[PDB]
Amino acid sequence: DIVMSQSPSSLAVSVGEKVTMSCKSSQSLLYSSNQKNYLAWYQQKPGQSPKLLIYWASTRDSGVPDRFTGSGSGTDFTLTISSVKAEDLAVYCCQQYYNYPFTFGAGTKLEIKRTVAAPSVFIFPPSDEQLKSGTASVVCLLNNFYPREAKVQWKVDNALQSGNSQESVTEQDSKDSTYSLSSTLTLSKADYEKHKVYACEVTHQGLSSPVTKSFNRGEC
Amino acid sequence: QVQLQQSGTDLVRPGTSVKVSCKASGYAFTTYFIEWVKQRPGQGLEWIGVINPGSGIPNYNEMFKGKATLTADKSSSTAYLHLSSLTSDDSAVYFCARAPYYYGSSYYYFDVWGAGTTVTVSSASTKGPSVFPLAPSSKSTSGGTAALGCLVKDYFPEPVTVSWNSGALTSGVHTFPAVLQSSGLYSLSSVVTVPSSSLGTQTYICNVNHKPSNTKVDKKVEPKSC
Ligand SMILES: [Cl-]
Ligand SMILES: [Cl-]
Ligand SMILES: [Cl-]
Ligand SMILES: [Cl-]
């Protein structure tokens, strides 16, 4: 089997800057007969299937903009993006179609670098509908921030919570290059009704000091 | 106008089997190869095998020849991936992809890809979601901008789809990756930022679809004064 190797595994570049990423094969993909390199690149955007980008190492597929350029020969290949746009964030993977079994590189994840943006923080008390079912979920939303690293801590009557929250983060936005984050605090109805102040405390690079978004149950 | 339409999400029990379908249109099905590719969460692509729909003959990666069987039906222009004796390592997205058959050769890139089929292997049962409104706290409306949303809770397996106002509302929407709760059921939020003055006036409805349970729910989200 042919092993395909890509580097770096990830990189971040500002809009308008140049990026190059590397794909190597453990043996030559250059067929002597026709002098072609049996090498393709694909682009896979979040939520989407891979899309063919380059083939024969350097031929752009129809409709692919010319800021994408593939180069190299034999075992050493490169994908260059001459002037990155905000919508180019994706995983870029190479594939050899020289020898069965066909094999893919593990991919290079291209992330977009932008200025620091502090999150806007919102908090949602549980609905009356949910409370009827015996559980209370409290949701904290951190909207449109950069960079991705952010810390959320839950406090109930100023007691720090552990073990009863979960969170998840969106993929990077293809337009403004930010992230958003949702955290859910889960309590029983009985526990929710026994306490007053529900607070999510947010730490992020864009905040000079931590920000607390809070409500009091029944005043909300 | 070439397209490959794949079958929907599958929940299958350990040890049983599943069939993924790939229906081709917009081109002559028998004149291009169909390839199959596996992708596990956030990980690399692995090639399973290839079939010539004109002759019916498959070729397998030695890594998959015992797990996978390829067939094709000319009359319905459909290729099939059969996966057998399933395990947790088989939980993944399976793509079909088209590859040229030019100059008598199968050694080609993959020019058109299906949307993928999600297969989850698990002994747990299908369960449809409960949908709850996310109404902002008063201070979560300060300054002219507010957020509101929907909590799509206690369902199995993934995925769900969420739209707002039947698709008319897209700006400012964020639909988050589900998390698996300690009950073994998924929970997901979808939110949208809106002008604070609109909370009294505009109607906001989240449209939830969980295809594994044939559950469709539209939930109107209203502000709560509290
Ligand atoms: Cl473009
Ligand atoms: Cl589906
Ligand atoms: Cl149900
Ligand atoms: Cl009210």
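Conventions and cut-offs
- Sequence-order numbering is used: residues on each chain count from 1 as written, possibly diverging from the entry numbering, and only residues with coordinates are shown.
- Throughout, the order in which chains and ligands are written sets their labels, letters from A for the former and numbers from 1 for the latter.
- As a rule here, side-chain values come from all non-hydrogen atoms in the structure, and water together with hydrogens is ignored.
- Going along the chain from the N terminus, every DSSP run of H or I of four or more residues is numbered as a helix, and every run of E of two or more is numbered as a strand.
- As a reference, a globule follows 2.2 Å times the number of residues to the power 0.38, and the radius of gyration itself is taken over C-alpha atoms.
- When checking whether two residues touch, look at their non-hydrogen atoms; a contact exists if any pair is within 4.5 Å.
- Method for areas: the Shrake-Rupley scheme with a 1.4 Å probe, in which residue coverage is limited to the protein chains shown.
- In short, buried area is how much 1.4 Å probe accessible area vanishes from two parts on joining, totalled over both.
- Salt bridges are counted wherever a side-chain nitrogen of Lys or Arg sits within 4 Å of a carboxyl oxygen of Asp or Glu.
- One bridge is not enough; two strands pair if DSSP finds at least two bridges between them.
- Lines fitted to C-alpha atoms define the axes, with helix axes restricted to the stretch in contact, and inter-axis angles between N-to-C directions lie between 0 and 180 degrees.
- Two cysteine sulfurs form what is called a disulfide whenever their separation falls within 2.5 Å.
- Only protein chains enter the accessibility calculation, which uses a 1.4 Å probe; a residue whose area is less than 20% of its type maximum is buried, one above 50% is exposed, and one in between is partly exposed.
- Domain start and stop points were drawn from an automatic or database domain assignment.
- In protein, a polar contact requires one atom able to donate a hydrogen and another able to accept it; more generally it is a pair of N or O atoms within 3.5 Å, and residues adjacent in sequence count only if both atoms are side-chain atoms.

Student: Tell me about the overall build of chain A, and please be specific about residues and values.
Tutor: When its secondary structure is counted, chain A shows 2 helices and 21 strands. The globule rule puts the C-alpha radius of gyration for 220 residues at 17 Å, and the 24 Å found for chain A is more than 25% above it. Dimensions of chain A, computed from C-alpha atoms along their principal axes, come out at roughly 80 × 35 × 25 Å. Contacts in chain A between residues far apart in sequence, at least 24 positions, make up 58% of those at least 6 positions apart. Carbon and sulfur atoms make up 44% of the accessible area of chain A, which totals about 9,700 Å².

Student: Tell me what's going on with the interface of chain A and chain B, and back it up with residues and numbers.
Tutor: Listed as interface residues are 46 residues of chain A and, on the opposing side, 49 residues of chain B. Summing both sides of the interface, chain A and chain B together bury roughly 3,900 Å²; the carbon and sulfur share of this comes to 63%. Between the two partners, chain A and chain B, sit 1 salt bridge. The partner of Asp128(A) in a salt bridge is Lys224(B), and the shortest N-O contact between them spans 2.7 Å.

Student: Tell me what's going on with the sheet that holds strand β7 (residues 68–73) of chain B, and back it up with residues and numbers.
Tutor: By definition, the strands of a sheet pair up through backbone hydrogen bonds, in either a parallel or an antiparallel sense. Residues and elements named next belong to chain B. Taken in spatial order, the 4 strands make up an open sheet running β1-β3-β8-β7, and their pairing is antiparallel. The open sheet has two edge strands, β1 (3–6) and β7, and neither has a second partner. When strand polarity is set aside, the average angle formed by the axes of neighbouring strands in this sheet is 20°. Note: β7 against strand β8 (residues 78–83), 6 bridges, orientation antiparallel. Bridging from a neighbouring strand, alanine 68 pairs with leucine 83 of β8.

Student: Run through the sheet that holds strand β14 (residues 161–164) of chain B, naming residues and quoting values.
Tutor: Residue and element names in this part refer to chain B. One open sheet accounts for 3 strands, arranged β14-β18-β19; its pairing is antiparallel. The open sheet has two edge strands with one neighbour each: β14 and β19 (215–220). Averaged over all adjacent pairs, the angle separating strand axes in this sheet is 15°, with direction ignored.

Student: Go over the state of the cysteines, please, and point to the residues and values.
Tutor: For the coordinates displayed, the defined rule picks out 4 disulfides over all chains. Note on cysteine connectivity: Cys23(A) is disulfide-linked to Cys94(A), with sulfurs 2.1 Å apart. The chirality of the disulfide connecting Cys23(A) with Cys94(A) is right-handed, given an S-S dihedral of about 85°. Here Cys23(A) is found in strand β3 (residues 19–25), whereas its partner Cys94(A) is found in strand β11 (residues 90–96), with 71 residues between them in sequence. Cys94(A) shares its class with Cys23(A); the two are buried. There is a disulfide in this structure between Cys22(B) and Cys96(B), and the S-S distance comes to 2.1 Å. Between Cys22(B) and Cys96(B) the disulfide shows an S-S torsion of about 75°. By sign, it is right-handed. Of this pair, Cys22(B) sits in strand β3 (residues 18–25) while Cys96(B) sits in strand β9 (residues 92–99), and the two are 74 residues apart along the sequence. According to the relative accessible area criterion, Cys22(B) is buried, its value standing at 0%. The exposure class of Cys96(B) is buried, given its relative accessible area of 0%. Each bonded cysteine in chain B gets a number by its place in the sequence, and the pairs come out as 1-2, 3-4. When the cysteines of chain A that form disulfides are numbered from the N-terminus onward, they connect as 1-2, 3-4.

Student: Lay out the pattern of salt bridges with the relevant residues and their values.
Tutor: All names here are of chain B. In this structure the tally under the stated criterion is 9 salt bridges over all chains. For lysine 67, the salt bridge goes to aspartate 90, with nearest N and O atoms at 2.8 Å. Of the two residues, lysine 67 is situated in the loop between β6 (58–60) and β7 and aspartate 90 in the loop between β8 and β9; the sequence distance between them amounts to 23 residues. The class for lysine 67 is buried, based on a relative accessible area of 18%. Classification of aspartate 90 by relative accessible area gives buried; the value is 6%.

Student: Mind laying out the domain arrangement of chain A, listing which residues take part and the relevant values?
Tutor: Where interface size is quoted, it is often the accessible area lost as the parts come together. Residues and elements named next belong to chain A. You can read the domains of chain A as domain 1 (4–113) and domain 2 (120–216). Taken residue by residue, the interface counts 7 residues in domain 1 and 8 residues in domain 2. Roughly 570 Å² of surface becomes buried between domain 1 and domain 2 when both sides are summed, with 52% attributable to carbon and sulfur atoms. At the boundary of domain 1 with domain 2, the tally comes to 0 salt bridges. Our count for the contact surface shared by domain 1 and domain 2 stands at 2 residue pairs in polar contact.

Student: Now, about the side chain of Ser106(B): what can you tell me, with residues and values included?
Tutor: Within the secondary structure, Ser106(B) sits in the loop between β9 and β10 (112–113). For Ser106(B), a relative accessible area of 15% gives the class buried. Polar side-chain contacts of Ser106(B) include one of 2.5 Å to the side chain of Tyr100(A). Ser106(B) has contacts with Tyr100(A), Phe102(A) and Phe33(B), leaving out every residue within four places of it along the chain.

Student: Describe the pairing of strand β1 (residues 4–7) of chain A, with residues and values.
Tutor: Residue and element names in this part refer to chain A. What you see with β1 is a clean split: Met4 and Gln6 sit on the buried side and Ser5 and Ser7 on the side with no burial. Here β1 pairs with β3 via 4 bridges, running antiparallel. Across the sheet, the residue bridging to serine 5 is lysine 24, located in β3.

Student: Could you give me a rundown of unusual backbone geometry, with the residues and numbers involved?
Tutor: Here the residue pair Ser7(A) and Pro8(A) is connected by a cis peptide bond, since its omega of -5° sits within 30 degrees of zero. Relative to the helices and strands, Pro8(A) resides in the loop between β1 and β2 (10–14). A cis amide bond links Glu158(B) to the next residue, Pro159(B), at an omega of -5°. Looking at the element boundaries, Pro159(B) is found in the loop between β13 (145–155) and β14. At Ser77(B), a residue that is not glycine, the phi angle is positive and equals roughly 50°. Looking at the element boundaries, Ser77(B) is found in the loop between β7 and β8.

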